[PDB]
Protein chains: 2
Amino acid sequence: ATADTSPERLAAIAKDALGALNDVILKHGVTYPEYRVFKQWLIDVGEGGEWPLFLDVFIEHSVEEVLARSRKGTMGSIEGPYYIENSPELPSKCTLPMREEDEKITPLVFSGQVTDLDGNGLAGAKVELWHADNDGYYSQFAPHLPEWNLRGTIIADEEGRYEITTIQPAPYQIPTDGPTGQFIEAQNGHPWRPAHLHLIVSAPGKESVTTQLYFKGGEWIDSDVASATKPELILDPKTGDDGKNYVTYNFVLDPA
Amino acid sequence: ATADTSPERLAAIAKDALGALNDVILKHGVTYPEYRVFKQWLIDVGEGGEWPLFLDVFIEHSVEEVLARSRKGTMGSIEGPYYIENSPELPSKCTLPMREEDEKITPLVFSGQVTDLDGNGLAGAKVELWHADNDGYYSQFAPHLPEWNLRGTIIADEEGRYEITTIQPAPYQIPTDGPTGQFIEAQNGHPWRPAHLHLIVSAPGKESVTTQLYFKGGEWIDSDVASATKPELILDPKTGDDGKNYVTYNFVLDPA
Ligand SMILES: Oc1cccc(O)c1O
Ligand SMILES: Oc1cccc(O)c1O
Ligand SMILES: [Fe+3]
Ligand SMILES: [Fe+3]
C-alpha cells in the first residue's frame with residue numbers, strides 16, 4: 001500500500017495528530033500507570049491482528065466522511081475489515097451462495113437499478129455484496145463456512161437492474177475476546193453494529209461506491225459502535241405473503 | 001501493567017482522543033490511500049517491536065509534563081525505552097562499568113548531592129544512571145556489549161553525595177531501519193537526540209525522579225526528536241588539566 005503524500009503534508013498531519021493526542025494527555029492529566037496500560041494495549045492490538053478491526057470501527061468513518069464531500073451519488077459508508085475481492089459472479093437476478101442453515105432465515109429480496117447522476121441506467125454495472133450470517137460470522141473469517149457464503153458479484157442487466165435474494169441480516173457483535181473488546185469493556189461501551197448489508201457498486205467510466213444498507217427500526221442503528229450508519233442508508237422492507245422481506249434500492253454513481 | 005482508571009474517565013479520554021484524530025482526518029482531508037498506508041504502518045510498528053520506541057519518542061514527554069505539575073524538585077524528563085532495573089550497585093564515588101573501547105573517550109566526572117526540598121542532604125539515596133556509548137548503543141540492546149555497560153546504581157554517602165566518572169555522552173540517533181525511521185523520513189524530519197545521561201534518583205520516604213541531563217552547546221538540544229530537553233537540565237562541564245570534563249549537579253526530591 002502506497003500513497004502520493006508529500007513530506008510537507010505528512011509533516012503538517014503528524015504535527016496536529018501528535019499535538020492532539022498530547023493535548024488530550026495534558027487535558028485529562030494522563031498518568032504513568034495509564035501510559036503503561038496504553039502502551040501494553042497498543043502491543044496487544046497488533047499481536048492480536050486487530051489493527052483492521054480497531055481502525056475500521058473507530059477511525060474509517062472519518063475517512064469516508066472526507067470522501068463523501070466530493071460525491072453527489074448514493075451515500076457511502078465504511079468498507080469494514082471483511083471485504084474480499086473477486087467473489088464469484090452472479091446473474092442480475094440471483095440468490096447469494098448460502099448453506100442449509102441459512103435457508104432457514106427470513107429471505108430478503110433486494111431489487112433496484114444502478115444509474116448515473118441524471119437517473120439513467122447503466123450497462124456493465126456490478127454490485128458486490130457481502131454480509132454476515134445470522135450467527136454473526138463472515139465467510140473467510142470463520143473456518144466452518146464455505147468461502148463465498150453470502151458473497152457475490154452481481155452482474156446487473158443492460159438496464160442496470162438486479163434482483164438479489166439473500167437472508168435478512170441480523171445485528172452483529174464485533175469480536176470482544178481481544179484488545180478491541182477490552183477497550184470497549186473498560187469504558188462501559190457496547191460492541192454492537194446494526195444489521196447491515198455491505199456493497200461496492202461499480203460501472204464502466206464511473207466512480208465506484210462502497211456503502212452499507214441498514215434496516216428501519218433495527219437494533220443499534222442509533223448507536224452503531226463503528227459510527228457508520230446514515231439516515232439515507234436505512235431500508236424499509238415490506239413483507240410478502242410468501243413471508244419474504246421485499247425492498248427496492250437504487251444506486252446513483254458519480255463519473256470517474 | 002494495570003491502572004486504576006474508571007470506565008467514566010476512560011470514556012471521556014477515548015472520546016476526545018478519537019474525536020481529535022477524526023478531526024485531523026477531516027481537517028487535512030486524509031484520503032483512502034493514506035488511511036491504507038497508515039493502517040499498514042501501525043501493523044509494521046508492532047511487528048517491528050517499535051511501540052516502546054515510537055511512544056517514548058513521540059508521546060511520553062506529554063505524560064511527564066503532566067507529572068511535572070505536581071513536583072517542586074529537580075525537573076524530570078522521559079524515561080525512554082532503555083531503562084533496566086537492578087543495575088549492580090556502586091559506591092558513592094565510583095566509575096561506571098565500561099569496555100576498553102570506552103576508556104578511550106573523554107572522561108566525565110559527575111559530582112553532586114541528593115537533597116530534600118529545603119536543601120538538606122539524604123542518607124540511603126540512590127542514583128541509577130544509564131546512557132549510550134559513543135557508538136550510540138545501549139547495553140542489553142546491543143548484543144556485543146556487556147550487560148551493564150554504562151549502567152549502575154550508585155549508593156550516595158551519608159550526606160547524599162556522589163562522584164561518578166563515566167564517558168562524556170555523544171549525540172544519539174534513534175533506530176531508523178524500521179517504521180519509526182520510515183515515519184521520520186517520509187516527513188523530512190531528523191532522527192537525532194542530543195547527548196544525554198539518563199537517571200532515576202531516589203531516597204527513603206521520597207518521591208523518585210526520572211530525569212535526563214544534557215550538555216551546553218551540544219548538537220540537537222533545540223531539536224530533540226523526543227522533545228525531552230529542558231533548559232534546567234543542561235550541564236556546563238569544565239575541562240580539567242587531566243583533560244576530563246567536570247560537573248556538579250544536585251538532585252532535589254519531593255516527599256513521597
Ligand atoms: O465496519 C465493520 C466493523 C466491524 C465489523 C463489521 O462487520 C463491520 O462491517
Ligand atoms: O527517550 C529516548 C528515546 C529514544 C532513544 C533514546 O536513547 C532515548 O533516551
Ligand atoms: Fe459488516
Ligand atoms: Fe537515551
# chains A, B, ... in the order shown; residues from 1 in each chain; ligands from 1

call {"tool": "interface_residues", "arguments": {"of": "chain B", "to": "chain A", "cutoff": "7 Å", "atoms": "only C-alpha atoms", "output": "MDAnalysis selection string"}}
result
chainID B and resid 1:3 7:8 10:11 13 16:17 20:22 24:26 28:34 36:37 39 43 46 51 59 62:63 66 186:188

call {"tool": "select_by_dssp", "arguments": {"residues": "range 48-246 of chain A", "states": "strand (DSSP E)", "output": "ChimeraX atom specification"}}
result
/A:89-91,93-95,107-115,126-130,151-155,161-167,172-173,192-193,196-202,206-207,209-215,234-235,238-239,245-246

call {"tool": "residues_around", "arguments": {"residues": "residue 156 in chain A", "least_positions_apart": "5", "cutoff": "10 Å", "atoms": "only C-alpha atoms", "output": "NGL selection string"}}
result
:A and (90-93 or 112-114 or 122-127 or 161-163 or 203)

call {"tool": "residues_around", "arguments": {"residues": "residue 171 in chain B", "least_positions_apart": "2", "cutoff": "8 Å", "atoms": "only C-alpha atoms", "output": "list in words"}}
result
residues 136, 169, 173, 192, 193, 194, 195, 196, 218, 219 and 220 of chain B

call {"tool": "residues_near_ligand", "arguments": {"ligand": "ligand 2", "cutoff": "6 Å", "atoms": "only C-alpha atoms and all ligand atoms", "output": "JSON, numbers by chain"}}
result
{"B": [53, 56, 57, 78, 80, 174, 226]}

call {"tool": "residues_near_ligand", "arguments": {"ligand": "ligand 4", "cutoff": "8 Å", "atoms": "only C-alpha atoms and all ligand atoms", "output": "compact mmCIF listing (two decimals) with N, CA, C and O atoms, in the first residue's frame"}}
result
# COMPACT_ATOMS: atom_id res chain seq x y z
N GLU B 79 11.51 8.70 30.64
CA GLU B 79 12.35 7.55 30.88
C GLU B 79 13.06 7.08 29.58
O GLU B 79 14.28 6.77 29.60
N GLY B 80 12.33 7.03 28.46
CA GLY B 80 12.85 6.37 27.25
C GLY B 80 12.74 4.84 27.37
O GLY B 80 12.47 4.34 28.44
N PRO B 81 12.98 4.11 26.27
CA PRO B 81 12.77 2.65 26.18
C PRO B 81 13.83 1.79 26.85
O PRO B 81 13.61 0.56 27.02
N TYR B 82 14.95 2.39 27.27
CA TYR B 82 16.16 1.61 27.59
C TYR B 82 16.57 1.48 29.05
O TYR B 82 17.74 1.21 29.33
N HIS B 131 23.26 5.32 30.09
CA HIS B 131 23.34 6.06 28.83
C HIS B 131 24.08 5.28 27.76
O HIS B 131 24.65 4.25 28.04
N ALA B 132 24.06 5.81 26.56
CA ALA B 132 24.64 5.16 25.43
C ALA B 132 26.13 5.33 25.39
O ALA B 132 26.66 6.34 25.87
N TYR B 172 22.87 11.12 19.89
CA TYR B 172 22.49 9.76 19.64
C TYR B 172 21.34 9.70 18.59
O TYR B 172 20.34 10.45 18.67
N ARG B 193 18.67 12.55 18.86
CA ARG B 193 18.54 13.13 20.18
C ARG B 193 19.89 13.72 20.59
O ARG B 193 20.95 13.14 20.27
N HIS B 196 23.10 12.72 26.02
CA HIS B 196 22.40 12.77 27.32
C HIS B 196 22.75 11.66 28.26
O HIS B 196 23.11 10.57 27.85
N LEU B 197 22.62 11.96 29.55
CA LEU B 197 22.59 10.98 30.60
C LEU B 197 21.16 10.76 31.06
O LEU B 197 20.35 11.71 31.11
N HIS B 198 20.88 9.52 31.46
CA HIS B 198 19.56 9.13 31.99
C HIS B 198 19.72 8.82 33.47
O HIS B 198 20.64 8.07 33.83

call {"tool": "atom_distance", "arguments": {"atom1": "CA of residue 86 in chain B", "atom2": "CA of residue 152 in chain B"}}
result
8.0 Å

call {"tool": "atom_distance", "arguments": {"atom1": "CA of residue 229 in chain B", "atom2": "CA of residue 83 in chain B"}}
result
17.6 Å

call {"tool": "residues_around", "arguments": {"residues": "residue 151 in chain A", "least_positions_apart": "5", "cutoff": "12 Å", "atoms": "only C-alpha atoms", "output": "PyMOL selection string"}}
result
chain A and resi 82-90+94-98+127-133+138-140+145-146+164-167+197-200

call {"tool": "write_last_selection", "arguments": {"atoms": "N, CA, C and O atoms", "output": "tab-separated table (two decimals), in the first residue's frame"}}
result
chain	number	residue	atom	x	y	z
A	82	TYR	N	-13.89	-6.83	6.35
A	82	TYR	CA	-14.26	-8.15	5.81
A	82	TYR	C	-14.58	-8.25	4.32
A	82	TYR	O	-15.27	-9.18	3.92
A	83	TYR	N	-14.11	-7.31	3.51
A	83	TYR	CA	-14.43	-7.34	2.10
A	83	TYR	C	-13.42	-8.23	1.39
A	83	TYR	O	-12.24	-8.15	1.69
A	84	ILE	N	-13.85	-9.07	0.45
A	84	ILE	CA	-12.92	-9.93	-0.29
A	84	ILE	C	-13.16	-9.70	-1.78
A	84	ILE	O	-14.27	-9.79	-2.27
A	85	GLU	N	-12.12	-9.28	-2.48
A	85	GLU	CA	-12.25	-9.06	-3.90
A	85	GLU	C	-12.57	-10.35	-4.62
A	85	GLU	O	-12.38	-11.44	-4.07
A	86	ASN	N	-13.06	-10.21	-5.86
A	86	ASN	CA	-13.42	-11.33	-6.75
A	86	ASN	C	-14.35	-12.43	-6.26
A	86	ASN	O	-14.17	-13.59	-6.66
A	87	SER	N	-15.35	-12.08	-5.45
A	87	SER	CA	-16.44	-13.02	-5.18
A	87	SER	C	-17.04	-13.45	-6.50
A	87	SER	O	-17.11	-12.64	-7.45
A	88	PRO	N	-17.42	-14.74	-6.61
A	88	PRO	CA	-17.83	-15.24	-7.93
A	88	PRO	C	-19.03	-14.48	-8.48
A	88	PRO	O	-19.88	-13.98	-7.70
A	89	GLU	N	-19.09	-14.37	-9.79
A	89	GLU	CA	-20.11	-13.60	-10.48
A	89	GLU	C	-21.49	-14.28	-10.42
A	89	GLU	O	-21.60	-15.50	-10.41
A	90	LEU	N	-22.53	-13.47	-10.30
A	90	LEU	CA	-23.88	-14.00	-10.40
A	90	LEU	C	-24.65	-13.18	-11.41
A	90	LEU	O	-24.29	-12.02	-11.67
A	94	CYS	N	-30.70	-13.38	-9.04
A	94	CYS	CA	-29.92	-14.47	-8.44
A	94	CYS	C	-30.21	-14.58	-6.96
A	94	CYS	O	-30.88	-13.75	-6.37
A	95	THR	N	-29.66	-15.63	-6.37
A	95	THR	CA	-29.68	-15.75	-4.94
A	95	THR	C	-28.20	-15.93	-4.53
A	95	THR	O	-27.41	-16.52	-5.29
A	96	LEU	N	-27.80	-15.32	-3.42
A	96	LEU	CA	-26.42	-15.42	-2.92
A	96	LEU	C	-26.06	-16.84	-2.52
A	96	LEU	O	-26.93	-17.53	-2.04
A	97	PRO	N	-24.78	-17.27	-2.67
A	97	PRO	CA	-24.43	-18.59	-2.13
A	97	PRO	C	-24.81	-18.63	-0.66
A	97	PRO	O	-24.67	-17.62	0.03
A	98	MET	N	-25.33	-19.76	-0.19
A	98	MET	CA	-25.65	-19.94	1.23
A	98	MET	C	-25.76	-21.42	1.67
A	98	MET	O	-25.91	-22.31	0.83
A	127	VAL	N	-22.65	-5.10	-8.70
A	127	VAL	CA	-22.94	-4.91	-7.28
A	127	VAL	C	-22.24	-6.03	-6.54
A	127	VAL	O	-22.61	-7.19	-6.64
A	128	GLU	N	-21.20	-5.67	-5.80
A	128	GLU	CA	-20.53	-6.67	-4.99
A	128	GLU	C	-21.16	-6.60	-3.62
A	128	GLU	O	-21.11	-5.57	-2.96
A	129	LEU	N	-21.74	-7.72	-3.20
A	129	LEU	CA	-22.49	-7.78	-1.96
A	129	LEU	C	-21.82	-8.74	-0.99
A	129	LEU	O	-21.35	-9.84	-1.39
A	130	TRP	N	-21.74	-8.33	0.28
A	130	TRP	CA	-21.29	-9.23	1.35
A	130	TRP	C	-21.89	-8.86	2.70
A	130	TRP	O	-22.14	-7.66	2.97
A	131	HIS	N	-22.15	-9.87	3.52
A	131	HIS	CA	-22.62	-9.63	4.89
A	131	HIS	C	-22.55	-10.88	5.74
A	131	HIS	O	-22.29	-11.95	5.24
A	132	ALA	N	-22.81	-10.71	7.01
A	132	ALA	CA	-22.71	-11.77	7.96
A	132	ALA	C	-23.92	-12.67	7.93
A	132	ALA	O	-25.03	-12.22	7.60
A	133	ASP	N	-23.71	-13.93	8.26
A	133	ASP	CA	-24.82	-14.84	8.54
A	133	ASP	C	-25.53	-14.50	9.88
A	133	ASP	O	-25.04	-13.66	10.65
A	138	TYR	N	-18.68	-13.93	9.14
A	138	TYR	CA	-18.42	-13.62	7.74
A	138	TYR	C	-17.54	-14.72	7.17
A	138	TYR	O	-16.56	-15.13	7.81
A	139	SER	N	-17.88	-15.15	5.96
A	139	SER	CA	-17.16	-16.21	5.30
A	139	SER	C	-15.72	-15.78	4.99
A	139	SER	O	-15.42	-14.61	4.74
A	140	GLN	N	-14.82	-16.74	5.13
A	140	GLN	CA	-13.39	-16.49	5.09
A	140	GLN	C	-12.86	-15.81	6.33
A	140	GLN	O	-11.72	-15.40	6.38
A	145	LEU	N	-17.37	-22.02	7.43
A	145	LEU	CA	-18.23	-21.52	6.37
A	145	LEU	C	-17.59	-21.72	5.01
A	145	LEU	O	-16.41	-21.52	4.88
A	146	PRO	N	-18.39	-22.06	3.98
A	146	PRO	CA	-17.92	-22.05	2.59
A	146	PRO	C	-17.41	-20.66	2.25
A	146	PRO	O	-17.95	-19.67	2.77
A	164	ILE	N	-31.77	-9.43	-6.13
A	164	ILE	CA	-30.90	-10.29	-5.32
A	164	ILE	C	-31.57	-10.76	-4.04
A	164	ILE	O	-32.00	-9.96	-3.21
A	165	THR	N	-31.62	-12.07	-3.90
A	165	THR	CA	-32.23	-12.72	-2.76
A	165	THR	C	-31.15	-13.21	-1.84
A	165	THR	O	-30.17	-13.81	-2.28
A	166	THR	N	-31.36	-12.99	-0.55
A	166	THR	CA	-30.36	-13.38	0.43
A	166	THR	C	-31.10	-13.61	1.73
A	166	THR	O	-32.31	-13.84	1.68
A	167	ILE	N	-30.42	-13.55	2.87
A	167	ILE	CA	-31.14	-13.62	4.15
A	167	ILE	C	-31.19	-12.24	4.78
A	167	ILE	O	-30.28	-11.43	4.57
A	197	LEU	N	-26.14	-4.81	5.30
A	197	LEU	CA	-25.54	-5.30	4.10
A	197	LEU	C	-24.38	-4.40	3.71
A	197	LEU	O	-24.43	-3.16	3.89
A	198	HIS	N	-23.36	-5.01	3.11
A	198	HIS	CA	-22.16	-4.30	2.62
A	198	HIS	C	-22.18	-4.36	1.10
A	198	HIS	O	-22.37	-5.46	0.54
A	199	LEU	N	-21.92	-3.26	0.41
A	199	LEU	CA	-21.87	-3.32	-1.06
A	199	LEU	C	-20.85	-2.39	-1.69
A	199	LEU	O	-20.67	-1.27	-1.24
A	200	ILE	N	-20.21	-2.84	-2.76
A	200	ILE	CA	-19.42	-1.93	-3.60
A	200	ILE	C	-20.08	-1.85	-5.00
A	200	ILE	O	-20.22	-2.86	-5.65

call {"tool": "residues_around", "arguments": {"residues": "residue 104 in chain A", "least_positions_apart": "2", "cutoff": "12 Å", "atoms": "only C-alpha atoms", "output": "JSON list (two decimals) with C-alpha atoms, in the first residue's frame"}}
result
[["chain", "number", "residue", "atom", "x", "y", "z"],
["A", 98, "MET", "CA", -25.65, -19.94, 1.23],
["A", 99, "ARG", "CA", -25.79, -23.07, 3.48],
["A", 100, "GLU", "CA", -28.82, -25.08, 4.51],
["A", 101, "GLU", "CA", -28.55, -23.31, 7.88],
["A", 102, "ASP", "CA", -29.11, -20.02, 6.09],
["A", 106, "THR", "CA", -36.39, -14.96, 6.51],
["A", 107, "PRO", "CA", -35.39, -14.33, 2.89],
["A", 108, "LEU", "CA", -34.55, -10.78, 1.79],
["A", 133, "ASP", "CA", -24.82, -14.84, 8.54],
["A", 134, "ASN", "CA", -27.45, -14.91, 11.35],
["A", 166, "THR", "CA", -30.36, -13.38, 0.43],
["A", 167, "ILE", "CA", -31.14, -13.62, 4.15],
["A", 168, "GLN", "CA", -32.39, -10.69, 6.25],
["A", 244, "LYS", "CA", -40.17, -12.76, 2.45]]

call {"tool": "select_by_dssp", "arguments": {"residues": "range 16-204 of chain B", "states": "alpha helix (DSSP H)", "output": "number ranges by chain"}}
result
B: 16-28, 32-47, 51-58, 60-69, 100-103, 179-186

call {"tool": "atom_distance", "arguments": {"atom1": "CA of residue 153 in chain A", "atom2": "CA of residue 242 in chain A"}}
result
26.3 Å

call {"tool": "closest_residue", "arguments": {"among": "A:240, A:73, A:255, A:175", "to": "ligand 1", "atoms": "only C-alpha atoms and all ligand atoms"}}
result
A:175

call {"tool": "residues_around", "arguments": {"residues": "residue 209 in chain A", "least_positions_apart": "6", "cutoff": "8 Å", "atoms": "only C-alpha atoms", "output": "PyMOL selection string"}}
result
chain A and resi 74+76+199-202+253

call {"tool": "closest_residue", "arguments": {"among": "A:177, A:224, A:159, A:207", "to": "ligand 1", "atoms": "only C-alpha atoms and all ligand atoms"}}
result
A:224

call {"tool": "decode", "arguments": {"residues": "range 220-249 of chain B", "atoms": "N, CA and C atoms", "output": "compact mmCIF listing (two decimals), in the first residue's frame"}}
result
# COMPACT_ATOMS: atom_id res chain seq x y z
N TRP B 220 21.71 19.29 18.55
CA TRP B 220 20.30 18.88 18.63
C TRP B 220 19.55 19.21 19.94
N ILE B 221 20.06 20.06 20.83
CA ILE B 221 19.33 20.30 22.08
C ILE B 221 18.05 21.07 21.81
N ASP B 222 18.13 21.92 20.80
CA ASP B 222 16.99 22.71 20.38
C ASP B 222 16.06 21.92 19.47
N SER B 223 16.53 20.80 18.94
CA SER B 223 15.70 19.98 18.10
C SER B 223 15.69 18.50 18.44
N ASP B 224 15.58 18.14 19.69
CA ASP B 224 15.47 16.78 20.14
C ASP B 224 14.23 16.16 19.48
N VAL B 225 14.38 14.99 18.86
CA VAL B 225 13.23 14.34 18.21
C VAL B 225 12.20 13.89 19.30
N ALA B 226 12.71 13.54 20.48
CA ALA B 226 11.86 13.09 21.57
C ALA B 226 11.22 14.27 22.33
N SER B 227 11.55 15.52 21.95
CA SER B 227 11.05 16.74 22.65
C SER B 227 11.24 16.67 24.17
N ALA B 228 12.37 16.13 24.63
CA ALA B 228 12.59 15.84 26.08
C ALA B 228 13.66 16.71 26.74
N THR B 229 14.12 17.74 26.05
CA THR B 229 15.18 18.55 26.64
C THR B 229 14.52 19.73 27.32
N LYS B 230 15.03 20.11 28.49
CA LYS B 230 14.54 21.32 29.21
C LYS B 230 15.74 22.20 29.55
N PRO B 231 15.57 23.55 29.50
CA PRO B 231 16.71 24.43 29.79
C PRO B 231 17.40 24.10 31.15
N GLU B 232 16.59 23.79 32.16
CA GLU B 232 17.06 23.47 33.51
C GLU B 232 17.94 22.22 33.63
N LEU B 233 17.88 21.37 32.59
CA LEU B 233 18.57 20.08 32.55
C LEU B 233 19.83 20.07 31.67
N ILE B 234 20.36 21.27 31.42
CA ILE B 234 21.53 21.41 30.54
C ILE B 234 22.75 21.65 31.43
N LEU B 235 23.77 20.80 31.26
CA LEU B 235 25.03 20.89 32.01
C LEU B 235 26.09 21.69 31.28
N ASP B 236 26.94 22.33 32.08
CA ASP B 236 28.04 23.11 31.57
C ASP B 236 29.32 22.65 32.21
N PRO B 237 29.88 21.50 31.75
CA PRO B 237 31.09 20.94 32.39
C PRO B 237 32.34 21.74 32.05
N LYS B 238 33.30 21.77 32.97
CA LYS B 238 34.55 22.48 32.77
C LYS B 238 35.62 21.44 32.57
N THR B 239 36.56 21.70 31.65
CA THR B 239 37.67 20.76 31.40
C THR B 239 38.83 20.91 32.37
N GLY B 240 39.28 19.78 32.91
CA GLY B 240 40.42 19.75 33.79
C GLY B 240 41.72 19.75 33.02
N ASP B 241 42.82 19.82 33.76
CA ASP B 241 44.13 19.77 33.12
C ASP B 241 44.57 18.35 32.88
N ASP B 242 43.88 17.41 33.53
CA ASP B 242 43.90 16.00 33.16
C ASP B 242 43.05 15.75 31.91
N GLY B 243 42.49 16.83 31.33
CA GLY B 243 41.58 16.76 30.17
C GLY B 243 40.20 16.09 30.37
N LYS B 244 39.79 15.89 31.62
CA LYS B 244 38.47 15.30 31.91
C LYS B 244 37.41 16.39 32.04
N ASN B 245 36.18 16.07 31.67
CA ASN B 245 35.11 17.02 31.92
C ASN B 245 34.53 16.88 33.34
N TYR B 246 34.43 18.00 34.05
CA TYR B 246 33.96 18.06 35.44
C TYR B 246 32.68 18.83 35.59
N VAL B 247 31.73 18.24 36.31
CA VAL B 247 30.48 18.94 36.54
C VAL B 247 29.83 18.47 37.80
N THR B 248 29.16 19.41 38.46
CA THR B 248 28.46 19.14 39.69
C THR B 248 27.00 19.42 39.43
N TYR B 249 26.15 18.47 39.80
CA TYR B 249 24.72 18.66 39.72
C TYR B 249 24.02 18.04 40.93
